[PDB]
Structure formats: structure tokens, C-alpha cells
Amino acid sequence: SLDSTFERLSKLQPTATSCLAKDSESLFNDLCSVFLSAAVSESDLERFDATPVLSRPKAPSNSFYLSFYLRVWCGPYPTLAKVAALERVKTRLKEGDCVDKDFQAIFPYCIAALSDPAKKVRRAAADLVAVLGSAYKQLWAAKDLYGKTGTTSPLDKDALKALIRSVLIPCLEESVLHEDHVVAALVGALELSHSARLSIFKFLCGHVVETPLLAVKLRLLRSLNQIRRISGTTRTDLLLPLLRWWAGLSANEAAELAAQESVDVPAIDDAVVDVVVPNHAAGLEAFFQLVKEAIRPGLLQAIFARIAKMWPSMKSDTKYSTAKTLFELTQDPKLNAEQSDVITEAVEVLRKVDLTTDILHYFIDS
Amino acid sequence: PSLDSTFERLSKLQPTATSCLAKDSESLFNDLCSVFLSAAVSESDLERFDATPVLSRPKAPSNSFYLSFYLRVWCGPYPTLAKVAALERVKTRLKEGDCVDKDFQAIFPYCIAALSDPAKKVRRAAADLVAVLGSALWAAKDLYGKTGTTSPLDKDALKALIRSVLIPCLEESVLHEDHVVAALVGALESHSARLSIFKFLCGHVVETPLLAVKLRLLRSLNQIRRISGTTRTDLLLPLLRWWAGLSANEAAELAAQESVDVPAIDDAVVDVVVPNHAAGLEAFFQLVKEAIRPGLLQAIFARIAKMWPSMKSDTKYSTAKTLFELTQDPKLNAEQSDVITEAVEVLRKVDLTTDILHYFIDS
């Protein structure tokens with residue numbers, strides 16, 4: 001109409017559950033449908049922004065208002081709406097009531113938005129990071145942003161000033177220029193402070209585990225995954241439950257979440273499996289456990305292929321151990337009865353890899 | 001008197017028909033050769049010697065001794081002037097219409113071997129001799145004792161060797177020590193005279209006692225897997241068998257005698273076997289199961305390795321099964337043989353197939 005729908009939304013109940021949370025799913029789509037039509041007019045854009053369920057005067061108290069737009073960018077929605085959303089939050093956070101709460105939990109989504117292909121979106125997330133950075137020079141949605149939990153390992157003060165001032169703000173311009181430059185920049189940052197790399201690292205990783213946005217997981221992972229270790233803690237040591245969650249869900253379940261965000265299941269499989277580092281005993285065990293349990297085939301494939309890629313940098317003795325398991329796996333009575341593809345995939349690992357003298361003696365002696 | 005004492009001592013020695021490229025006439029050859037190396041520097045002593053009655057000019061070709069002596073001297077660890085002297089003595093001895101009735105083709109291997117010589121003087125002297133041999137069967141069953149030229153060249157095949165490959169690349173081979181082997185390879189790579197030349201060359205390589213000539217000729221023969229249905233392996237296998245038969249003593253000794261290296265031989269002998277040769281690879285496995293010199297062992301396995309990528313699809317499986325079979329052999333395991341270790345080195349170095357791996361697992 002579009003005011004008839006605007007009035008339908010007028011009589012709507014404000015809430016505190018975030019949009020990045022389970023309970024508010026049915027609400028979000030409804031609002032989001034309207035936003036996709038309202039965002040073409042600055043007039044209707046304000047109409048929408050203003051209806052009381054969004055609760056502009058309740059962000060930062062509420063965690064609803066910002067969460068809605070976070071989710072609208074980083075979502076399978078056309079460019080002008082991702083821009084519009086980034087702007088609604090950009091201008092809304094300059095208002096003054098907002099200089100007492102922290103809002104660090106937005107940076108994952110800005111970081112994500114800077115990997116976006118649309119030039120206008122990268123510039124919009126750039127501007128938004130600038131405003132977020134001017135702020136300090138406590139925590140918004142600290143435990144409610146995804147419903148049950150929020151920002152799991154918060155960012156330290158020195159780590160925050162290092163995130164903004166050392167890694168985030170200096171790379172904005174080239175990040176607007178090169179759709180790829182963000183992952184490169186963020187990796188080259190966490191590989192400027194010694195313990196700030198660690199706190200930024202943990203912070204990013206936790207948000208990657210906890211969001212429902214597969215898209216955010218991927219974009220953050222394009223960079224986060226290409227970091228083997230930082231001061232005694234491996235990225236696997238931080239992200240392994242992401243792998244256990246993703247592996248556990250059915251083919252339906254994965255196809256369905258992926259469809260909802262219009263992302264490709266294989267890309268997720270690859271990204272999830274890339275969480276495990278070479279000489280990580282527990283990550284390897286998780287791999288072997290997960291393949292013994294019934295799982296999506298593309299995931300099975302992705303896991304074994306990862307074991308292969310991991311093989312060259314596997315140390316000598318864990319190489320032997322991985323061959324022992326692969327062998328025993330070929331020899332397992334239950335999988336043999338199933339004639340599962342686990343056998344064939346395992347033998348393919350044993351082909352494609354460069355074996356060692358010791359492994360060969362294992363093969364000979366039984 | 002330059003050499004009168006020695007020449008009178010050689011006078012009293014009785015000529016024989018057992019050839020120099022044969023077994024028994026060893027100390028005799030050594031003796032004659034020692035004197036020759038000193039006699040070859042003076043034309044006076046060269047002629048005194050050439051004439052000595054035990055050499056038995058002009059009884060060659062009645063007697064296979066005279067020509068075999070100088071043959072053995074080109075292809076020996078002897079100074080340049082002595083090899084040239086021998087090449088010249090045979091050229092001169094053979095332009096003499098005394099010999100226009102016998103066929104001296106059994107000399108061509110030794111010329112070919114001689115044109116690979118580094119010293120240019122030797123190369124051109126062998127050039128002279130190839131041309132003189134070209135203007136025109138000697139020792140056919142005698143040159144090496146029990147056998148001679150085991151597979152000879154027909155009329156068309158011999159004229160093909162002379163006019164087609166030898167004499168046209170002759171001058172460039174005198175300039176370049178390399179152009180000989182190259183010329184012969186690019187020659188066997190006419191038909192099917194190629195095959196008769198091939199058999200002929202190989203027969204002399206198997207049969208000669210001159211490891212140096214075996215090598216020099218193999219530098220070429222080994223560069224040819226097959227031509228018109230016959231594998232070089234099928235022709236050279238008894239060489240491999242003989243050579244594997246030798247003790248470390250005998251190989252080091254024979255090698256010393258000609259001043260060639262046991263390893264270079266190990267290499268050339270083993271490359272005799274082409275990849276997809278059932279009987280040759282089978283021979284390898286038999287030989288390694290028997291006692292052999294380690295250098296040969298290393299070389300045999302090293303060869304199986306190199307041969308692997310060209311092993312046919314199924315033959316990879318069968319031979320990997322065989323290698324495995326060796327590693328599990330209890331008698332060798334008690335010996336803690338180096339065969340086991342070299343086999344596992346093969347099974348490591350090689351790209352396996354799913355079928356081979358399943359063989360390993362179901363083991």
C-alpha cells in the first residue's frame with residue numbers, strides 16, 4: 001500500500017530477544033519483508049525505522065534494534081538494503097545516549113560486511129567502523145545477542161583499542177577498494193600487539209561459533225581459518241565445536257540452513273573441516289569419530305581430503321599414528337559390513353599420501 | 001740394442017690358435033702386450049715385433065690370434081700411441097690382398113667402440129680402419145673361444161652398416177667423441193637390417209671379454225627398447241646373468257684390468273632390462289634372491305623403481321605383490337638381508353594403486 005502494512009506493524013509488541021536469536025525468527029522475516037519495500041524511500045525507510053517494535057530508543061538498552069540490522073546486512077538481501085541497514089545503524093549510534101555502552105559485538109559483522117562484493121556495502125561498513133571507533137577515545141548484548149548467550153570471550157580494553165586503532169581503522173580504505181583486502185589485512189594483523197592478537201583472535205572465534213549466520217561464519221573464516229596457532233592456542237582449539245555442531249546436523253538440516261541464507265553446503269563443509277590444524281590430536285580424533293557416526297557424504301569427503309592435505313605437515317610419529325588408524329579403519333568389521341564409503345575414502349588417503357618406512361613395516365607385519 | 005734381449009726371449013714362444021679374446025691365452029697376451037707398448041714408439045721395433053713368430057702374421061685368418069691381439073689392444077687401458085699403433089697395424093695388415101677372401105666383420109664392434117675413444121688420434125685411426133673395412137667369415141666360431149660372432153650380418157645388412165651408418169657419420173665422429181653413439185642410436189631408432197645389426201652388436205656385447213667394449217657399445221644399445229618385435233632385453237639378458245654371477249673379487253678385478261668401474265658396469269648391465277619384460281624382471285627377482293654384490297643389488301632395485309611408472313597397469317600390482325612377498329620371507333628375515341630394506345624402499349618410492357593397497361590390507 002504500503003501504509004496499511006505499516007499500521008499492521010504499528011500494533012506490534014516490543015521485545016528484548018535479539019533477532020540473532022531463536023525465538024524471534026518469525027518476527028524478523030515479517031519486519032524484514034516490510035523493510036525490503038520500505039528501504040527504497042528515505043520517507044518509508046524512516047517510517048519503518050520508527051515503528052515501535054524496532055525500538056530505536058531502546059537500542060543500546062535492548063539489543064533488538066541493532067541486532068535486526070546486523071542481520072539485515074550479512075543476509076541474502078539486495079545491495080540497497082544491506083547499505084540502508086548499515087546506514088540506519090551508522091546514524092543511530094551517533095546519538096549520544098550511546099556513549100556509555102560498548103558495542104564491540106558489532107565488529108564481527110562489520111568485519112563480515114567488509115568482505116562483501118558490493119562496493120557500496122564495503123564503504124557503508126567502513127563508515128560504520130569509523131563511528132564505532134570514535135566512540136571511546138558495559139557491554140551491549142553482552143549475554144543475550146544470540147538468545148541463550150552473547151559475546152562469549154569479550155574484547156579487552158587494550159585488545160579493543162588495538163582492534164580499532166591497530167588493525168581495524170587503518171585498513172578501511174583498501175578494504176573498500178579490494179573486495180578481498182579485509183581477510184588479508186586481518187590475518188596480517190593476528191599473526192600489532194602480542195596479547196591483543198590473542199584477545200582479538202579469541203573474540204572473533206567465539207562469535208564465529210555462536211552466530212546463526214552461516215554467511216558471517218564463512219567471511220570471518222576466510223581469514224580466521226588461515227592462522228595455525230597464536231601463543232599456545234590453536235584455532236582448532238577455539239573452533240572445534242563449530243565442526244561438531246555442523247557435522248551433527250542432517251543433510252536436510254544443512255541444506256535448509258544453507259538455503260535460508262542462500263549459501264552452498266560444500267563451501268561450509270570445506271570451511272568447517274579447515275578448522276582442524278595438522279598436529280592437533282583432538283581435532284583428528286573428532287574427525288575419525290565423526291566419520292564413524294552417520295554423516296552427510298559431502299562432509300565425509302571433505303574430512304578425508306582434509307586429512308590428506310594435513311598429511312605433509314603432520315609430524316613423523318603422528319603420521320604413523322594416522323596411518324595406524326586409517327588401516328584399522330579399513331579393517332573394522334562394522335564398517336566393512338556396512339560397506340560404507342568410509343573404507344574407500346580411507347584407502348584413498350592411504351594411496352594419495354607419501355608413506356614412510358615405518359608405516360610400510362606396519363603394513364607388512366600384519 | 002734397443003730391445004734385442006726381449007725380442008730373443010719372445011722368439012722362443014710357440015704360436016697358438018687359441019685367440020686373445022679367449023680364456024687361456026692370458027699370460028701370453030699380457031706378455032706380448034707389455035713388449036708392444038714399448039715397441040710401438042719406434043717404427044724399427046714396431047716392425048721387429050709385428051714380425052715376431054708368435055703373433056703369426058701372415059697366418060691370420062688361418063689363425064684368429066694375430067688380429068684378436070691388436071683388437072684387444074685398442075680397447076685396453078693403453079696409451080694413445082699404442083692404440084693408434086694397433087689400429088694402423090691392422091689397417092696395414094688387411095689392405096694386403098692376402099685377406100680379400102675372409103670376412104672381417106667381427107672387427108666392426110671394436111671400431112665402433114674405438115670411435116667413442118676420447119683421443120682424436122684413435123678416432124681417426126679407427127676412421128681409417130672403418131673405411132678400409134668398407135672397401136671389401138673370420139673367426140665366426142672362434143673369436144672368443146667357445147663362440148665367435150654368434151649372430152652375423154647378411155650381405156644387405158652388412159652393406160647397410162658400412163654405407164648407411166658407419167662411413168657417412170665417420171668424419172663428424174672423428175671430430176666429436178660423442179657423434180658415434182648418437183649416430184648409431186639415430187640409426188637403429190632402413191629395415192629390418194636394423195634388427196640384424198642390433199642382434200650382431202648385442203651378441204658381441206654379450207660375448208666379448210672386454211668390459212670396456214661392452215660399456216662403450218651399451219652406451220648406444222641401451223638407448224633402444226625395441227625395433228620390429230624384439231626387446232634388447234631379450235638379447236642382453238645372459239649378460240646380466242653372467243655379471244650377477246661374479247664375486248666382488250672377480251668384478252673388482254676384471255674391472256681393474258681394463259680400468260673401468262664396477263658401478264658404471266652395474267648400471268649399464270641392469271638397464272639391459274626394459275620395463276615390461278616378464279622374463280627380465282623375473283630374472284631381477286631371481287638374482288636378488290640369490291647372493292650378489294651389494295652394488296648390483298642397489299642397482300637392480302634402483303632399476304625396478306625407475307621402471308615402475310612404465311610398468312603396465314596390472315604388472316605394477318603383480319610386482320608389488322612380489323616385493324611384499326620378499327619382505328615377508330622368513331629365511332631372508334632371519335638373514336636380516338638388505339634385500340628387505342631395498343624392497344621397502346621401492347614400495348615407499350612408488351605411487352601405489354587402490355588394488356595394491358587392498359592387497360596390503362587383506363594381507
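About the thresholds
Residues numbered from 1 in each chain as written, not as in the entry; some residues may be left out. Chains lettered and ligands numbered in written order. Heavy atoms only, no water. Helix = DSSP H or I, 4+ residues; strand = E, 2+ residues; numbered from the N terminus. Rg over C-alpha atoms; globule rule 2.2 N^0.38 Å. Buried < 20%, exposed > 50% of the residue type's maximum accessible area, 1.4 Å probe, protein only. Areas by Shrake-Rupley, 256 points an atom, 1.4 Å probe, with all protein chains shown as cover. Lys, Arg positive; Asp, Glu negative; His and termini not counted. Charge placed at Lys NZ, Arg CZ, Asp CG, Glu CD. Contact = heavy atoms within 4.5 Å. Buried area = accessible area lost by both parts, 1.4 Å probe. Salt bridge = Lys/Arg side-chain N within 4 Å of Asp/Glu carboxyl O. Polar contact = N/O pair within 3.5 Å; in protein donor to acceptor, adjacent residues only side chain to side chain. Nonpolar A, V, L, I, M, F, W, Y, C, P; charged D, E, K, R; others polar. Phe/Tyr/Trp six-rings, centres within 6.5 Å; stacked < 30°, edge-to-face > 60°. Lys NZ or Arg CZ within 6 Å of the ring centre and 35° of its normal. Axes fitted to C-alpha atoms, helices over the stretch in contact; angles between N-to-C directions. Left-handed = near helix turned anticlockwise from the far one by under 90°. Patch = residues over 30% accessible without salt bridge, like charges linked within 9 Å, V, L, I, M, F, W, Y side chains within 5 Å.

The deposited coordinates derive from X-ray crystallography, with the record listing a resolution of 3.2 Å.

Engineer: Before we move on, can you summarise the overall build of chain A with the specific residues and values?
Structural biologist: Of regular secondary structure, chain A possesses 21 helices and 2 strands. In terms of overall dimensions, chain A is globule-like: its C-alpha atoms have a radius of gyration of 23 Å, near the 21 Å expected for 366 residues. For chain A, the C-alpha atoms occupy an extent of roughly 80 × 45 × 35 Å along the three principal directions. A burial count over chain A gives 53% of its 366 residues as buried. Per element, the accessible surface of chain A, about 16,700 Å² overall, is 51% carbon and sulfur. For chain A, the distance from the average site of its 42 positive side-chain charges to the average site of its 45 negative ones is 4 Å.

Engineer: Give me the lowdown on the environment of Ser37(A), citing residues and values where you can.
Structural biologist: All names here are of chain A. Following the sequence through the fold, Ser 37 ends up in helix α2 (residues 25-38). The exposure class of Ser 37 is partly exposed, given its relative accessible area of 38%. Sequence separation of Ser 37 and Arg 122 is 85 residues, and the distance between their C-alpha atoms is 22 Å.

Engineer: Can you explain the interface of chain A and chain B? Please cite residues and give values.
Structural biologist: Often, the extent of an interface is quoted as the loss of accessible area on bringing the components together. Of the residues lining the interface, 15 residues belong to chain A; the matching set on chain B comes to 15 residues. Carbon and sulfur atoms supply 75% of the area that chain A and chain B bury against each other, a total of about 1,300 Å² over both sides. The interface formed by chain A and chain B contains 0 salt bridges. One can count 0 residue pairs in polar contact joining chain A with chain B. Secondary structure elements with two or more residues in the side of chain A that touches chain B: α18 (316-330), α20 (341-352) and α21 (357-365) of chain A. Per-element accounting of the side of chain A that touches chain B gives the leading share, 5 residues, to α21(A). Per-class residue counts for the side of chain A that touches chain B are 7 nonpolar, 6 polar and 2 charged.

Engineer: Go over the packing of aromatic side chains, please, and point to the residues and values.
Structural biologist: Tallying each qualifying case throughout the model produces 27 aromatic pairs over all chains. With 5.6 Å between their ring centres and 90° between their planes, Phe36(B) and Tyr70(B) make a pair best called edge-to-face. Residue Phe36(B) is found in helix α2 (residues 26-39), and its partner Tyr70(B) is found in helix α4 (residues 65-74); the two are separated by 34 residues along the sequence. The buried category is assigned to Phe36(B), whose relative accessible area is 0%. Here the aromatic rings of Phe324(B) and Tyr359(B) are separated by 5.6 Å at their centres, their planes lie at 85°, and the arrangement is edge-to-face. One end of the pair, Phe324(B), is in helix α18 (residues 313-327); the other, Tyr359(B), is in helix α21 (residues 354-362), and 35 residues separate them in sequence. One aromatic cluster is present, built from ring pairs that chain together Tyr320(A), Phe327(A), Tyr362(A), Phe363(A), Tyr317(B), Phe324(B), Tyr359(B) and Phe360(B). The side chain of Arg71(A) reaches across the aromatic face of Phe28(A), ending 4.0 Å from its centre. Seen from the ring of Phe29(B), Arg72(B) lies directly overhead, with NZ or CZ sitting 3.8 Å from the centre.

Engineer: Give me the lowdown on the side chain of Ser24(A), citing residues and values where you can.
Structural biologist: Residues and elements named next belong to chain A. Considering the arrangement of structural elements, one finds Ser 24 in the loop between α1 (3-10) and α2. At a separation of 2.5 Å, a polar atom in the side chain of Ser 24 contacts the main-chain carbonyl oxygen of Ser 18. Among residues more than four places away in sequence, those in contact with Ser 24 are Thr 17, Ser 18 and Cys 19.

Engineer: Explain the packing of helix α15 (residues 265-273) of chain A against helix α17 (residues 297-310) of chain A to me, using residue names and the numbers behind them.
Structural biologist: Residues and elements named next belong to chain A. The interhelical angle for the contact between α15 and α17, taken along N-to-C directions, is 35°, at an axis separation of 9 Å. The interaxial crossing formed by α15 with α17 has right-handed handedness. Across the interface between the two elements, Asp 269, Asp 270 and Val 273 of α15 pack against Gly 298, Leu 299, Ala 302, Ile 303 and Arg 306 of α17.

Engineer: With reference to specific residues and values, describe a negative patch on the surface.
Structural biologist: All names here are of chain A. A cluster of acidic residues, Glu 42, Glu 87, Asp 127 and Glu 173, forms a negative patch on the protein surface. On the secondary structure map, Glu 173 appears in helix α9 (residues 172-177). A relative accessible area of 56% means that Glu 173 is categorised as exposed.

Engineer: Give me the lowdown on the environment of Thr233(A), citing residues and values where you can.
Structural biologist: Residue and element names in this part refer to chain A. Looking at where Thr 233 falls in the secondary structure, it is placed in strand β2 (residues 233-234). The spacing of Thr 233 and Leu 198 is 35 residues in sequence and 8.7 Å in space, taken between C-alpha atoms. Separated by 3.0 Å, the side chain of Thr 233 and the backbone oxygen of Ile 230 make a polar contact.

Engineer: Please give an account of the pattern of salt bridges that cites residues and values.
Structural biologist: Inspection of every chain in the model, using the stated rule, returns 28 salt bridges over all chains. With its nearest N and O atoms 2.9 Å apart, the salt bridge here joins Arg71(A) to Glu25(A). With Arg71(A) in helix α4 (residues 65-72) and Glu25(A) in helix α2, the pair connects residues that are 46 residues apart, well separated along the chain. Under the relative-accessibility criterion, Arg71(A) is labelled buried at 10%. Exposure remark for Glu25(A): the relative accessible area of 30% places this residue in the partly exposed category. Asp98(B) is paired through a salt bridge with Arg93(B); the nearest N and O atoms lie 2.4 Å apart.

Engineer: Tell me what's going on with helix α15 (residues 262-270) of chain B, and back it up with residues and numbers.
Structural biologist: Of all the residues in α15(B), the buried ones are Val262(B), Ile265(B), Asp266(B), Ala268(B), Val269(B) and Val270(B). Those residues of α15(B) that are buried lie in contact with α12 (211-221), α13 (232-244), α14 (248-258), α16 (278-289) and α17 (294-307) of chain B.

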